[PDB]
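K.L.:
Chains as they are written, first to last, in the deposited numbering: chain A, 1225 to 1322; chain B, 6 to 242, 259 to 306; chain C, 4 to 241, 253 to 306; chain D, 31 to 290; chain E, 1 to 49; chain F, 1029 to 1156, 1161 to 1175; chain G, 393 to 403, 419 to 441; chain H, 50 to 196.
#1: By the 10 Å Cβ neighbour count, where 16 or more other Cβ atoms means buried, how is residue 226 (chain C) classified, buried or exposed?
#2: Comparing C-alpha positions only, which one of H:194, H:144, H:183 and H:140 sits nearest to residue 76 (chain H)?
#3: Compare the Cα-Cα distances from residue 153 (chain C) to each of C:142, C:139 and C:196 and report the closest residue.
#4: At the level of alpha carbons, what is the spacing between residue 1242 (chain A) and residue 1249 (chain A)?
#5: Compare the C-alpha of residue 1166 (chain F) against each of A:1262, A:1256, A:1290 and A:1308 and name the closest.
#6: Nearest chain F C-beta to residue 402 (chain G) closer than 8 Å, yes or no?
#7: May I ask you to list the residues that DSSP assigns as paired with residue 125 (chain H)?
#8: Applying a beta-carbon distance threshold of less than 7 Å, which residues of chain B neighbour residue 1304 (chain A)?
#9: Excluding sequence positions up to five away, which residues of its chain have a Cβ less than 7 Å from the Cβ of residue 309 (chain C)?
#10: Output, in chain order, the set of chain A residues within a Cβ distance shorter than 8 Å of residue 237 (chain C).
#11: Starting from residue 8 (chain B), follow its DSSP beta bridges and name the residues at the other end.
#12: Whose CA, out of D:70, D:136 and D:75, lies closest to the CA of residue 121 (chain D)?
#13: For the ligand FAD, is there any heavy atom lying closer than 7 Å to the beta carbon of residue 220 (chain C)?
#14: With the cut-off set at 8 Å, would you say residue 131 (chain H) and residue 6 (chain E) are in Cβ contact?
#15: Could you tell me the distance, in whole angstroms, from the CA atom of residue 155 (chain C) to the CA atom of residue 166 (chain C)?
#16: Using CA atoms only, rank isn't needed, just tell me which of C:199, C:190, C:180 and C:175 is closest to residue 213 (chain D).
#17: Between the region 71-85 of chain B and the region 137-144 of chain C, do three or more beta carbon pairs fall short of 8 Å?
#18: How is the alpha helix (DSSP H) around residue 1232 (chain A) delimited, first residue to last?
#19: What are the start and end residues of the alpha helix (DSSP H) that includes residue 148 (chain D)?
#20: Using a Cβ-Cβ cut-off of 8 Å, state whether residue 139 (chain C) counts as contacting chain F.
#21: What is the rounded straight-line gap between the Cα of residue 183 (chain D) and the Cα of residue 175 (chain D)?
#22: Once you ignore the five residues that flank residue 136 (chain H) on each side, which residues in its own chain have a CB closer than 8 Å to its CB?
#23: Between the beta-carbon of residue 275 (chain C) and the beta-carbon of residue 279 (chain B), is there less than 8 Å?
#24: Report the rounded CA-to-CA distance for residue 229 (chain D) versus residue 203 (chain B), giving the unit in angstroms.
#25: Should the region 85-100 of chain H be regarded as contacting the region 110-122 of chain H, the criterion being three or more beta carbon pairs within less than 8 Å?
#26: State whether the region 101-109 of chain C contacts the region 280-300 of chain C, with contact taken as three or more CB pairs (one from each stretch) at a distance under 8 Å.
#27: When burial is assigned at 16 or more other CB atoms within 10 Å of the CB, is residue 1032 (chain F) buried or exposed?
#28: Counting only C-beta atoms, is residue 64 (chain H) closer than 8 Å to chain F at any point?
#29: What's the C-alpha gap between residue 266 (chain D) and residue 59 (chain D)?
#30: Which two residues bound the contiguous beta strand (DSSP E) that contains residue 3 (chain B)?
#31: Select from D:76, D:134, D:35 and D:42 the residue whose C-alpha is nearest the C-alpha of residue 49 (chain D).
#32: Taking the alpha-carbon positions, what's the residue 89 (chain C) to residue 396 (chain G) distance?
#33: Using a Cβ cut-off of 8 Å (strictly closer), state whether residue 83 (chain H) contacts chain F.
#34: Return the chain-ordered ranges of every beta strand (DSSP E) run that is complete within the region 100-158 of chain D and spans a minimum of 3 residues.
#35: Residues of the region 1247-1268 of chain A in Cβ contact with chain B at a cutoff of 8 Å, in chain order, please.
#36: Counting C-beta neighbours from all protein chains within 10 Å, is the total for residue 52 (chain B) 16 or more, i.e. buried, or is it exposed?
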């Protein structure tokens, strides 16, 4: 119901955008040896890269929603980013589950 | 051994009629597999609107090249060449070929359609086929691009803008190319910003530190070819831990640039099909 | 040339003596002679054993040895196979380093891990079986960078100063694994590598363009970043920049410099031998395109 | 019995042959199968490429004996070498880019336009596996850094670039050696070409203009047994000349490796 | 059933399929049985050796 | 207590044994005769048996269904420790010397690290094969 | 997973403000964080 | 003899692609070679059940709805090996000695078992590949309950 919670994370230009975000992390020295679970939630890249797969795959399932007995002749099969999303299911939505 | 692909997207006959023209192509595959999605095909999975050149080849370097062979219903029958055997590879088309040319792979840089570019889109997805270019054209275009990363830092000089105007036109047998500018929107690419520091850092550290190491080898004698070199080292003219870390800061910049330098050949031209629609080549790599 | 190599034993095998060799099936085995029936005394790196306790000399003598994959323990013979160029065969892990798909691999002399498993796995009256490591390429060359920085660092220093950096240099770290490296220090082969190294550093310092060497200072006022702050400290010793030069000269001033960039990095460079594809889940076997 | 496929084929050919038409002015001495083909990058549009025999490189080579050069000067006076000296001699200490090895001949047709087969890989030999043609290195050009014969010696074609006189006169070095590691082959090249490694510094001491480049270039060509090594004799157009033969020489054309 | 019988692989090696039955006759059965158990081919009859 | 609040996200790699279900005749498959590749002889003559099998979904609908079910054993340690930003960002240091050394005295960090190849390489190569370091993972705090 | 620590609690004994947090591990021992 | 000790080596447990209860999902069809079958498409003829109770409602369709589907080929390949030095006993057909006879039947069993350890053992990868494609056909249940 609230429009926002933390200015220091949700807002553009916050410390998280200059920390865990990759676009400003490149200004700093950093290593891939230490994975950051929250780094995906501050990227301008990985978030849109996952959301675009979600909004397209959802419509791809809706194209397959009706049975072939009533829909147009077409194959019915898993959409891409379907079984593959299982590892990141809490984070494919970036909903941060649990 | 044959590698297969699958097209979950529906294939219009107009697109498969372009796909049948690709009897062979140097299609990259990130990971050798018995079966693979079309999303793994091409360099398009690595596409970036930011980094541009260099990262395209530093990720292309590990790609497993594979020729196309035949096409079936919503699936590709890719075939991995054996080393040393001849194969009728298709050209990517920018450059006409002649007998005996060396060949190597480069990231795409379109300037309109190339001579062999039938566009094929399957819903937002696109296939960017890697370049197959003669080796001297690759080393020269790499020199022009690293030079573009040097001069682009100060565009404003008219002598520099005329300089970029002069170096932009590479030429070949009836070729008429125009080098793309990596530095779109004035700001330097992060790849150009890193690749230029990879050389300019050594350009300073080697100039400062070359004396101390030639010094101990100067008093020692053999053919003494090294002792004379310090006299020209002087033409352009003290901490322990700084001497330690500084050499570790040297090779770390030297080494990734070696991928920008060395370029293993992948094919060699022999007999040429008329109008360069195809060419047999010896696979390598 | 020959497609295979054979060997003969002196001391007789038992159950464990043949079982340890069957454990080594499909694993790298250097040979120095490539005769159709090599003696076991010539087999392995142990023939280069050195009471002076070197290492880099073992590497340079290793540079010319042919590699041959193991296969088929018929008994009382090694039955080596000679790899073919451009193809693939399965290869067991040997060096205590984790492997990943698609990495380049190279041969490096063994060194004790620290705890030292000390598993000779084979011995006779004195002869042993020392199999060289197969290691990922960045690890294979970074140790050469450690030995080379160890060589340039040795000059004009007190013994405490000589060993002060060594506490960090000889304790290399990679993928959680750590390695202590005994070193020749001065074994002439490091010195002759140092001569071409400093000779390359001289021309790389001298072939640089007047603007290319200045490029960091031209970027210094242009931008502000911590990597540049780390860049800034090295170059300085204790703001103006110039610009001239006709455009055509850079195509030459840069081109010959690329050859020195190879010649300087060639000594830390090592020839590739393996390119992993199908990594085994158990982290043991690994088929590899391209061979020696 | 039935489907006897073995009867159908007469012989397989692992060699990768290619048919290259050649001008009649270069066919001399080239008619012998054992000779390298090397494309030249002419700067003229017509033609941008021009094949040349390895013997054609010796008219300008420094290390070759001058008495042999007096013989070669009388040989190639035709449309080929008169243009070759017009072009490759003009090149400023640049040959590895201008040149491109293309294996050795299998057969040479005659006529005004001498087309010739040339393998780019594998053994070169007469058809039906009868006569085994052999490679022919020019006499003085051949050398070995180790006088002892090896068990198996790969051959390499170094191109030295001197910087002493104002007009460079690069040398050419075919050589066989059992060495197979480029990291050590450059090391044995370090102390042997001390005058050449001094020459690369010797241009910077005088002429900052025009970049110095390689002291040599190394590329794989093929392997040969020490018993396969020979130093025999050859005749064409009456102008007799001894040559360093190599018998069962498999062809393996590696890429050029520039270095200083 | 089986994706392919073990007999079908034999011609690809060039070994005759009847040749195994020739081994079954040459063995004399009395030796073939005890070695069939020693090699583990018949687990129901198995005994330690 | 300062004015801070510190949430800590924690990745956990649960292992899963998924359920599976399918229809009756469902898909149909067709198996090729086992062609064998007779590789070149070399005493130990390896051979490559080969086959190709096609599949088609005879069912008009989604005859098969699949869902997450049961945890056999977590591989994640489920431990908790703060991210080592001094190691995550080795190059950063206070511009003052004695201040930065006093900070290292409390942080437990030794001395600032030398340049690492992963820094210069990831400076141009944005990470996604780098997604699976297969190292231990831990809490990552957020102000 | 994600968990708060140190939050102020919006509305005569007075409340004690949090300064530490406790969790659980695979061992089921009480995890510490501060 | 100073001492004795036992030895053993079991045959791998048998599994068949058809004996498995997963095979009920399969409709396997043996075939000579996937060569002439170039087309990936496969036609079907779907009948449609009808309810004639409507007085004013005739179905527009004759209930002969053709439905095209697409094939997916998959390689089935494994490394395999045998000892030619043991194969020569098969090549030379020995008969002269009882210990030579034991050496012959040893060579026969060791080579027949060498093929048996890969032949029907390939069906472990046939059931595996059949799961690889049947898992591709299966949507996640969370999609289906909303579907």
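All C-beta atoms, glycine included, are put in the ideal place defined by N, C-alpha and C.
P.N.:
This is what the structure holds:
#1: With fewer than 16 Cβ atoms within 10 Å of its Cβ, residue 226 (chain C) is classed as exposed.
#2: H:183
#3: C:196
#4: 6 Å
#5: A:1256
#6: no
#7: Answer is F:1079, bridged to residue 125 (chain H).
#8: 13, 42 and 44
#9: Past the edges of chain C, shown from 4 to 306, lies residue 309 (chain C), and the structure says nothing about it.
#10: Going along chain A, no residue has its Cβ under 8 Å from residue 237 (chain C), so there is no contact; the nearest lies around 14 Å.
#11: B:83
#12: D:70
#13: Within the structure as shown, the ligand FAD is missing, as the structure has no ligands at all.
#14: no
#15: Their Cα atoms are separated by approximately 13 Å.
#16: C:199
#17: Result no; under three Cβ-Cβ pairs closer than 8 Å.
#18: From DSSP, the alpha helix (DSSP H) with residue 1232 (chain A) extends over 1231-1234.
#19: Here residue 148 (chain D) belongs to no alpha helix (DSSP H); instead the beta strand (DSSP E) covers 143-149.
#20: No, because no Cβ of chain F sits closer than 8 Å to the Cβ of residue 139 (chain C).
#21: C-alpha separation (whole angstroms): 11 Å.
#22: 156 and 160
#23: yes
#24: For residue 229 (chain D) and residue 203 (chain B), the distance between alpha carbons rounds to 29 Å.
#25: yes
#26: yes
#27: Per the 10 Å Cβ criterion, exposed.
#28: no
#29: 6 Å
#30: Since the displayed chain B opens at 6 and closes at 306, residue 3 (chain B) lies outside it and no answer follows.
#31: D:134
#32: 57 Å
#33: yes
#34: Listed in chain order, the complete beta strand (DSSP E) runs (minimum 3 residues) inside the region 100-158 of chain D are 129-138, 143-149 and 151-153.
#35: So the close ones are 1250.
#36: The residue in question, residue 52 (chain B), is exposed, as its Cβ has fewer than 16 Cβ neighbours within 10 Å.
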